[PDB]
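Asks: Okay, here's the structure, questions in a sec.
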Amino acid sequence: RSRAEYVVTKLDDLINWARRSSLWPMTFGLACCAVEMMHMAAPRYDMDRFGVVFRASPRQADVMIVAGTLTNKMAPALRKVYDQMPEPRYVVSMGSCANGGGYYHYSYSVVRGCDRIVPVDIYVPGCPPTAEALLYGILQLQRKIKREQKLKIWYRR
Amino acid sequence: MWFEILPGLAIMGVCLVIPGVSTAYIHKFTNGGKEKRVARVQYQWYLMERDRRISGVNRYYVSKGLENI
Amino acid sequence: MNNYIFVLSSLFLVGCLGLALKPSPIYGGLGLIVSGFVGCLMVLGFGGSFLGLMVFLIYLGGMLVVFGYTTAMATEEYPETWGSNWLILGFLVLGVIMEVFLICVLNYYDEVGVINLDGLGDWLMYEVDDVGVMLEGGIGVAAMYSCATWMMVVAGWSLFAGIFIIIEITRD
Amino acid sequence: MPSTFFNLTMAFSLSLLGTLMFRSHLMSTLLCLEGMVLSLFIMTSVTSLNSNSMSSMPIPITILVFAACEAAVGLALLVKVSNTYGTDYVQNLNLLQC
Amino acid sequence: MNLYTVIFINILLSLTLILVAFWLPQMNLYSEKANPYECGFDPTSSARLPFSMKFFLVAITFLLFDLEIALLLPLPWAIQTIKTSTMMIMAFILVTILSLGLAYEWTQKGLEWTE
Amino acid sequence: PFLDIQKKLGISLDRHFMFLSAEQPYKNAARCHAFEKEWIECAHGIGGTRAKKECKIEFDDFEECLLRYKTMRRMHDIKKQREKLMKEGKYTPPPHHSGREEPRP
Amino acid sequence: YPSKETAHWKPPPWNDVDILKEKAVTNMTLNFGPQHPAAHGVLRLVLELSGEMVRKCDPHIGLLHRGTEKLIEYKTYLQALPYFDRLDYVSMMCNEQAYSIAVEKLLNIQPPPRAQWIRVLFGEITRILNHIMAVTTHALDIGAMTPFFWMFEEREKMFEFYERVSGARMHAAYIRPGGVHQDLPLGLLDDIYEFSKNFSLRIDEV
Amino acid sequence: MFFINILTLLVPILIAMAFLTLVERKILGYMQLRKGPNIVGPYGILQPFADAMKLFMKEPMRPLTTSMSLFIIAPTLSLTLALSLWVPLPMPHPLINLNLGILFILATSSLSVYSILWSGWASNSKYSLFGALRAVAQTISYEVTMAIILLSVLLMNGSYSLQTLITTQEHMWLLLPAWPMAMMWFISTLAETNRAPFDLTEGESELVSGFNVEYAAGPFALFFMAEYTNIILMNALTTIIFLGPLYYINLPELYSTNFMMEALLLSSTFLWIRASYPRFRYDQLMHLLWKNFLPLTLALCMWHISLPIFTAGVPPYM
Amino acid sequence: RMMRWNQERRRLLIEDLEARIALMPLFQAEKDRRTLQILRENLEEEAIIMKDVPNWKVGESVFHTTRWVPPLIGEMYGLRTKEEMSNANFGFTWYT
Amino acid sequence: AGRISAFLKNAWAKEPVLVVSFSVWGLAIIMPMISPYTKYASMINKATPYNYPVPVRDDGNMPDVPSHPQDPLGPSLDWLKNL
Ligand SMILES: CCCCCCCCCCCCO[C@@H]1O[C@H](CO)[C@@H](O[C@H]2O[C@H](CO)[C@@H](O)[C@H](O)[C@H]2O)[C@H](O)[C@H]1O
Ligand SMILES: CCCCCCCCCCCCO[C@@H]1O[C@H](CO)[C@@H](O[C@H]2O[C@H](CO)[C@@H](O)[C@H](O)[C@H]2O)[C@H](O)[C@H]1O
Ligand SMILES: CCCCCCCCCCCCO[C@@H]1O[C@H](CO)[C@@H](O[C@H]2O[C@H](CO)[C@@H](O)[C@H](O)[C@H]2O)[C@H](O)[C@H]1O
Ligand SMILES: CCCCCCCCCCCCO[C@@H]1O[C@H](CO)[C@@H](O[C@H]2O[C@H](CO)[C@@H](O)[C@H](O)[C@H]2O)[C@H](O)[C@H]1O
Ligand code: SF4
């Protein structure tokens, strides 16, 4: 390694830290799992103290939290709003329905896991996961973002 | 606790005093140790231009007293 | 700085050329806003103050209403800009070229007549009362309240009657 | 002064040419009238300043007052035109040829 | 000169932030990303179609009321006149007729938005 | 005016701010006040037709004062002749025309 | 005098009133949701608009249709019970109680007295859980965001009663045909009393 | 030296804006029984910098239906005008001393609406057009009375010069003789800054994000920076007009310290108000201004023409 | 309190304006001499610059009348530097 | 006049803003007519010397014009000093 590689590595940390520290999820919730998402924003857990702020516009969002069941009728709309998030963007699959169809896995009308529609960064189990379990998954996304090495990889190309 | 809001407020408060204070001090530094002259009307501008012309150095704020006459 | 007012009046001319080409009223409204700002600067440049700020403020309000009216009653699927139509674009470029030509030729024939490019900046301010106090344009406008009250009577009546007029025009 | 007044008169002439050469939107023409008003305001204001004629400065303000009334009526008429035809196009305003 | 200088710096700072914002980030342009937003479904028409204005009469009333305040803004200079009674009557009459105009439009339901 | 109502009633709605020489706020005389006063006074009582010929001196002076065609041309000629001589190296502007004056007072 | 140019001119109308072709109705059509703060994430409300006046509301639903009713046909009666937690998933135990009563009726059995008192107790806790969500999110959609936060801390305490009887904060599956799954843990009534005696002040603040 | 003075105005104002985003989020949090940011830096004091760096590292939107010139211009115009509003502010000595500084404020503030109008139109989407047309209505609502409210106050000042307001209030806050206008002025500045309960051009519960809905990344940040800078500006203006900070010719910094304290307090009440009330309907804002403020504003303008004449209290011209 | 304070500010303004009245004779005399000296300086350079120009009369008036006509700014500063001319056109109005 | 009193009372309870507007408007007109200080406002504007007071040529028939600014002749401003 070299001082040019050291500088690149410290810059990766800085840009990674900025995206860790200001994760703005879309105002986007599908079913009962969204109720526990409200409880993560509520005072006991206060997601906003970690820097997590809902914004309704996909253009102003970084994270999609798929919080509930994804039906076939809903699937194109979810794909649309994912595509309209500017990058870098992340997806958190929350709950059994989003994770793999859950209680409705065998239904004619249900997508068996949102990871058939969008890429998923974190899978949060539970039906619903508790507000705390969701918060744990959000903090696992932050640590994943902490591991991104995009500038180091650019330098070595 | 509510008093944990204060670190941001103090930073805000410091940042909002600097413009007023810095402008007052930079005026005195660039106007011979005095307030920057205000020319609301043409008469005041005329006095400044006369002050500049008699100053000997082309600066209105360099004043000349009875030692000059 | 000797070219300052000529540059502004030159910018004002371009703004009216843009308006005259009549793109979508959205850009027409913008053209008048910029011309109004440039017109305010010219009034300021000649020693004005109140009159320049008034006309900009009035036209800022006026074009906001025109923006609202445009989105409701003067809009198409593909609003036109100055560049959208080759024909409008060409007359925009040709109009600017003809401005340079007209000023260039008039400078040659007279040299001091309408165009005096040699003397720009020498004939902006003519006389100024150097030691005066009460000289700003607001004082002159304020004579409507004392010495020119008839001017204010007619102005006030037209705004008052205008309310009754627009209510009648707009009722179904 | 000499060159500024030439440019302002040209600006009025262009705005009048805009008024006289219709395209489709009536609103685009109403904007050209406001352009002529604006040019005449500056010409009057600059003349009053250049001659130090403080008793004439009410006049430019009265120009804007009546221009506002003219513009308000123009917009009021444009609402009526749009209600009839669903556009402000002037080619629809042709029933009075017969 | 100073006012020109600072406003240019203000313009200069704003434009630099725009250039940074457009040339620093990694891009990935594709059609679905850049299509207009409408809550996950496609728009059924252009956003450029007519959008009705229900307060159009208030809007053109505002044009006249904005020239009324233009007639009022010389008042700080006008109160310096020797002809105090004349100035006071002119200002009182001007405000009163504007009030009567507003009162008439109010009672004609001109401030009510159309349905 | 077409109807002289104002004269009949002895009032003034718009007769008193008709020209430069009229009353100004705070007695701030307009440009060319003295020339316009002379032109108006020469013309008074003799009618427009006679005034056109017989007050021609006053009108020309006032016209020159207000529009300044001759003043602008005269300065253009001096500044143009100075440009020619300086290029030929026959004229050198004095120190007070070059920005190195001894300012008064 | 007839001319080729004016051959197509007709005389004007007798009263100056022209019969023009019907003008074009041109209402804005807008997708209000599913991805919209006020649409609950899954409502595609198609609106006909004139300005901001609403001319027609066409609610498109089925964006959360999951075929619960068909799925229940493949379940035993006990297996179907948790599907009722996930219907009105703001009033979970009340949904269980409806299904439990229906099954109990067809079974011609009755739940014991203590079960019925528990079921009413938790039915009314659930009603408060629901009305908090109904009132404060309704306020949040109108712009008053703060009551949501005060009252969702109260909700978090009631989720603890759910989790203490059933092990789950929401989808308890606690009320079943025949009664309830388990008896109350020792100390739960006291904690429900402690919550209950302060809650009316929380209502007063809102 | 004048360039150094520009820096010592712009840079502290931009830092004050950034930390107002932190103060808002913590004050709102505590009124909601939360904490707000307390991880990103000590007590959250690096959270604004993280949000800024995130936004400018994000992909900026280039939507296909968009008319691109106005789309770029509007957020650029927004920040320019917000910063320009500060240059004539006397704290107690302004960077730019203007004879008609109040009229400069109105004209500059009135041009600021066009950033909202053009961005919403240029985006060429339905929710952005809705936001633009609410801005049209918003300006029609409040601009009708804001200048008359100012007019009545300045009949005790005697001029449009902001620095003269300091001398006018040498012995007393203008609040005392003008508190009814101060109340109406305060509501007007909330609407003028598109703040709650009049946050209608964005109004996220109704229009998702209104005028800026198609905006991402750094261009989005400019609108946000411009809005938070204007909140401080309008309250600092309210402080100088109605709450005359204590001025002593030999202690100018005393004015600056007192000015900041009152301006900080007035900015806090903006955040306090947001946490307390529901939103108006945008037709109801028009009726508030035109059927309540406007009658009283006109009566009080007549009263404040009448007052200096019958008390012989006309202020000096100079 | 505003009545009393504004009445005091009116007395202060009169005192300030009366100081101007006392000094105005001196400023008028200085300004007369300054304007005439500048005009004199222009006349001498015109005598050299327009020496070999046919039919030029040095110092000729453009008016028929013989009464004093104050010079324009363009006349006074026509032969001086661009900065002196710019200062006369924009000094006051660009001083903020 | 008991019918109006009920009217005014209802207007006060239900439309107080309009009641205040009309009352303030009426007070603004009335106050200059009944105030003892109204006459001074014009006199103060008249005593402000924005222009140089041009002296007059003394012809020997001006008993009322001061010869010096501190002569006891001419307009006094004691009324304003003690206003
Ligand atoms: C939309 C923008 C349009 C831009 C328009 C063009 C702007 C540039 C203006 C060019 C016009 C002439 O601009 C400039 O005028 C000044 C007078 O002030 C002349 O003045 C100078 O040169 C001439 C002789 O050449 C003499 O007067 C003298 O020596 C000196 O004063 C300059 O030589 C000329 O270059
Ligand atoms: C049919 C509808 C018309 C009727 C309604 C209008 C009624 C008239 C109201 C306006 C009255 C204007 O009244 C007029 O005021 C001006 C000043 O403004 C007075 O003017 C007087 O003072 C000015 C001050 O400069 C002198 O220059 C002037 O020579 C002198 O006459 C007139 O003597 C008076 O007649
Ligand atoms: C005199 C003429 C000189 C020669 C001119 C040659 C011009 C050729 C330009 C090539 C395009 C460069 O422009 C840039 O291309 C990149 C990748 O190529 C694309 O950029 C973006 O979109 C694509 C979409 O898949 C991604 O693959 C890419 O990584 C991303 O950065 C855009 O299209 C544009 O941002
Ligand atoms: C239809 C529209 C109706 C609304 C308009 C009504 C306007 C009527 C206004 C009536 C009030 C006039 O009030 C009038 O004020 C002036 C000064 O201004 C007072 O005038 C008094 O003070 C002035 C100084 O200002 C002295 O020069 C004067 O000698 C003295 O009378 C009058 O004593 C009072 O009567
Ligand atoms: S995983 Fe469970 S709680 Fe979440 S939406 Fe599906 S059924 Fe509801």
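Every read-out reported here was derived from the displayed coordinates using simple, explicitly stated rules and does not represent laboratory data. Positions of Cβ are backbone-derived with ideal geometry, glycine not excepted, and every protein chain shown enters the neighbour counts.
Asks: I'd like the mean, over residues of I:64-74, of how many other protein chain beta carbons sit within 10 Å of each residue's own Cβ.
Replies: Values: counts 6, 8, 0, 4, 1, 7, 4, 3, 12, 7, 12.
The shielding value for this peptide is 6.
Asks: May I ask what percent, to the nearest 5, of DSSP beta bridges between residues of the protein assembly as shown are antiparallel?
Replies: 60
Asks: Mind checking the dipole of the protein assembly as shown: about its Cα centre, +1 per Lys or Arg Cβ, -1 per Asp or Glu Cβ, Debye to the nearest 20?
Replies: Values: 122 positive and 122 negative charges, 431 e Å.
So the magnitude is around 2080 debye.
Asks: So what is the calculated 222 nm ellipticity per residue for chain J, using -39500 (n - 2.57) for each DSSP H run with n of 4 or more, over all residues, to the nearest 500 deg cm²/dmol? Write out the running numbers ahead of the final one.
Replies: Values: 4 runs with 46 residues, N = 83.
The per-residue figure over chain J is -17000 deg cm²/dmol.
Asks: If you don't mind, there's one more thing I want to ask. Using DSSP to define loop residues, name the trypsin sites (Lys or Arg not before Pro) in the stretch G:56-131 whose beta-carbon has at most 12 other beta-carbon atoms within 10 Å.
Replies: Details: sites: G:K56, G:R66, G:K70, G:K75, G:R86, G:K105, G:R114, G:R119, G:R127; in loops: G:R66, G:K75, G:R86.
Answer by residue number: G:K75.
Asks: What residues have an amide H closer than 5 Å to that of G:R44, excluding those fewer than 5 places away on the same chain, when H is modeled at 1.01 Å from N in the peptide plane?
Replies: G:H60
Asks: In nm, give the distance between the simple-model label positions of F:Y91 and E:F8, each being 7 Å from the Cα along the Cα-to-Cβ direction.
Replies: Placing both labels 7 Å along Cα→Cβ, they lie 3.3 nm apart.
Asks: In angstroms, what radius of gyration and Dmax does the stretch E:2-115 have, counting Cα atoms only?
Replies: Using the Cα atoms of the stretch E:2-115, the pair Rg, Dmax is 25.5, 72 Å.
Asks: State whether the stretch H:135-212 is rounded, prolate or oblate according to the following rule on the C-alpha gyration tensor (a ≥ b ≥ c being the square roots of its eigenvalues): a/c under 1.5 gives rounded; otherwise a/b larger than b/c gives prolate, and the remaining case gives oblate.
Replies: Working: a/c = 3.07, a/b = 2.68, b/c = 1.14.
Here the stretch H:135-212 falls in the prolate category.
Asks: Å³ per residue of the Cα convex hull, for the protein assembly as shown?
Replies: Values: hull volume 414.2 nm³, N = 1419.
Cα-based convex hull of the protein assembly as shown, divided per residue, equals 292 Å³.
Asks: Could you work out the relative contact order of the stretch A:52-115? I mean the mean sequence separation of Cα pairs under 8 Å and 6+ apart, divided by the number of residues, in percent.
Replies: On the way: 97 pairs, mean separation 23.5, N = 64.
Relative contact order comes out at 37 percent.
Asks: Given DSSP loops and a limit of at most 12 other Cβ atoms within 10 Å, what is the longest stretch of chain F that contains no such trypsin sites (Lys or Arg not before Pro)?
Replies: Details: sites that count: F:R15, F:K90, F:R100.
Result for the longest clean stretch: F:16-89.
Asks: In the stretch G:80-200, if the dipole is taken from +1 on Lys/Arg beta carbons and -1 on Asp/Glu beta carbons about the Cα centre, which of G:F159, G:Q110, G:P82 is farthest to the positive end?
Replies: So the residue we want is G:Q110.
Asks: Can you tell me the Rg and the Dmax, both Å, for the Cα atoms in the stretch B:1-52?
Replies: 18.8, 62
Asks: While we're looking at this one, here's another question. Compute the long axis of helix H:217-242 from its Cα atoms, compare it with the longest principal axis of the Cα atoms of chain H, and write down the angle in degrees, 0 to 90, nearest 10.
Replies: Value to nearest ten degrees: 10.
Asks: In whole angstrom, how far apart do the alpha carbon centroids of the stretch A:82-101 and the stretch I:14-61 sit?
Replies: Centre-to-centre (Cα) distance: 83 Å.
Asks: Could you check the simple spin-label distance between C:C104 and H:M172, using points 7 Å along Cα→Cβ, in nm with one decimal?
Replies: Output for this residue pair reads 6.8 nm.
Asks: If r is the Cβ-Cβ distance from A:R157 to C:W86 and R0 is 51 Å, what FRET efficiency results, to the nearest 0.05? Numbers along the way, then the final one.
Replies: Numbers: r = 44 Å, r/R0 = 0.87.
It comes out at approximately 0.70.
Asks: Pick out, from J:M33, J:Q70, J:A6, the residue whose Cα sits farthest towards the positive end of the charge dipole of chain J, with +1 on the Cβ of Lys and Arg and -1 on the Cβ of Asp and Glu.
Replies: J:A6
Asks: I need the calculated FRET efficiency for the pair H:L64 and I:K57, taking r as the beta carbon distance and R₀ as 51 Å, to the nearest 0.05.
Replies: Values: r = 74 Å, r/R0 = 1.44.
E(calc), rounded to 0.05, equals 0.10.
Asks: For chain G, what ratio Rg/Rh do Cα atoms give with a Kirkwood hydrodynamic radius? Could the numbers behind the result be given before it?
Replies: On the way: Rg = 28.6 Å, Rh = 21.8 Å.
With Rg and the Kirkwood Rh in hand, the quotient comes to 1.32.
Asks: At 20 °C and a viscosity of 1.002 mPa s, what translational diffusion coefficient does Stokes-Einstein give for the stretch H:2-318, taking Rh as the Kirkwood radius over Cα pairs? Give it in µm²/s as a whole number.
Replies: Working: Rh = 20.7 Å.
The Stokes-Einstein estimate is 104 µm²/s.
Asks: Now for a separate question. Can you tell me the Rg and the Dmax, both Å, for the Cα atoms in the stretch G:51-171?
Replies: 17.9, 59
Asks: Would chain C count as rounded, prolate or oblate if I go by the C-alpha gyration tensor, calling it rounded below 1.5 in a/c and otherwise prolate when a/b exceeds b/c, oblate otherwise?
Replies: On the way: a/c = 2.66, a/b = 1.04, b/c = 2.55.
Oblate, since a/c reaches 1.5 and b/c is not below a/b.
Asks: Which order do G:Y193, G:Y89 fall in if you start with the one that has the fewest other Cβ atoms within 10 Å? Before the final figure, lay out each step's value.
Replies: Details: G:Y193 9, G:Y89 18.
Final ranking by Cβ density, sparse to dense: G:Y193, G:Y89.
Asks: Can you compute the equivalent ellipsoid semi-axes for the stretch F:1-94, i.e. the square root of 5 times each eigenvalue of the Cα gyration tensor, sorted largest first and rounded to whole Å? Write down the numbers at each step before the final one.
Replies: Working: eigenvalues 367, 58, 17 Å².
Taking √(5λ) for each eigenvalue gives 43, 17, 9 Å, largest first.
Asks: Give the separation of the Cα centroids, the stretch D:66-86 to the stretch H:236-305, in Å.
Replies: When both Cα centres are located, 37 Å separates them.
Asks: Relative contact order for chain A using alpha-carbon pairs under 8 Å, separation at least 6, rounded to a whole percent? Please report the intermediate quantities before stating the final value.
Replies: Numbers: 273 pairs, mean separation 42.2, N = 157.
It rounds to 27 percent for chain A.
Asks: Taking the Cα centre of the stretch H:2-318 as the origin, how large is its charge dipole in debye, to the nearest 20, when only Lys and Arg (+1) and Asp and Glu (-1) carry charge on their Cβ atoms?
Replies: Details: 14 positive and 15 negative charges, 106 e Å.
Charge dipole, the stretch H:2-318, about its Cα centre: 500 debye, nearest 20.
Asks: Rounded, prolate or oblate: which one fits the stretch H:40-156, using the alpha carbon gyration tensor with axes a ≥ b ≥ c (rounded when a/c is under 1.5, else prolate when a/b beats b/c, else oblate)?
Replies: On the way: a/c = 2.27, a/b = 1.29, b/c = 1.76.
In terms of gyration-tensor shape, oblate.
Asks: Consider all pairwise Cα distances in the stretch D:2-98 and report the whole-number % of them above 16 Å.
Replies: Numbers: 2966 of 4656 pairs.
Within the stretch D:2-98, distances greater than 16 Å cover 64 percent of Cα pairs.
Asks: Right, here's the next one. Quick one: of G:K10/G:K56; F:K90/I:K82; C:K22/G:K4; F:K8/J:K39, which pairs are farther than 30 Å apart, Cα to Cα? Working shown, then result.
Replies: Details: G:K10/G:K56 41 Å; F:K90/I:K82 22 Å; C:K22/G:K4 35 Å; F:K8/J:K39 33 Å.
Pairs exceeding the cut-off: G:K10/G:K56; C:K22/G:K4; F:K8/J:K39.
Asks: Compute, for chain J, the length of the dipole vector about the Cα centre, with Cβ point charges of +1 (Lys, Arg) and -1 (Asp, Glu) only. Units Debye, rounded to 20.
Replies: Numbers: 7 positive and 6 negative charges, 156 e Å.
The calculation lands at about 760 debye.
Asks: Right, here's the next one. Averaging sequence separations of C-alpha pairs under 8 Å and six or more residues apart, then dividing by the length of chain F, give the relative contact order as a whole percent.
Replies: On the way: 44 pairs, mean separation 14.8, N = 105.
Result for chain F is 14 percent.
Asks: Still on this model: Would you grab the residues whose amide H sits under 5 Å from the one on A:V110? Only those 5+ places off in sequence or on another chain, please, with H modelled 1.01 Å from N.
Replies: Amide H neighbours of A:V110: A:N72.
Asks: Listed here are the pairs B:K28/H:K26; G:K21/H:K126; A:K73/A:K150; A:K73/G:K157; G:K75/G:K197; which of them are more than 31 Å apart at the Cα?
Replies: Details: B:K28/H:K26 39 Å; G:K21/H:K126 29 Å; A:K73/A:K150 36 Å; A:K73/G:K157 36 Å; G:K75/G:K197 42 Å.
In this structure, B:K28/H:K26; A:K73/A:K150; A:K73/G:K157; G:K75/G:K197 exceed 31 Å between Cα atoms.
Asks: Using only the alpha-carbon atoms, how far is helix B:42-54 inclined from the longest principal axis of chain B? Give it as 0 to 90 degrees, nearest 10.
Replies: Result, in degrees: 70.
Asks: By how many degrees, 0 to 90 and rounded to 10, does the Cα axis of helix B:6-30 deviate from the longest principal axis of chain B?
Replies: Approximately 10 degrees, to the nearest ten.
Asks: List the residues, sorted by chain then number, that are 5 or more residues from A:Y90 or on another chain and whose placed amide H is less than 5 Å from its amide H.
Replies: A:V63, A:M64
Asks: Compare the Cα positions of E:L72, E:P36, E:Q108 along the charge dipole of the stretch E:2-115 (+1 at Cβ of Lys, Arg; -1 at Cβ of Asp, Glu; about the Cα centre) and return the one farthest towards the positive end.
Replies: Highest projection toward the positive end goes to E:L72.
Asks: For the stretch A:3-157, give the share of DSSP beta bridges that are antiparallel, in percent and rounded to the nearest 5; count only bridges with both residues there. Mind dumping the intermediate values first?
Replies: Values: 1 of 11 bridges.
Of all bridge pairs located within the stretch A:3-157, approximately 10 percent are antiparallel.
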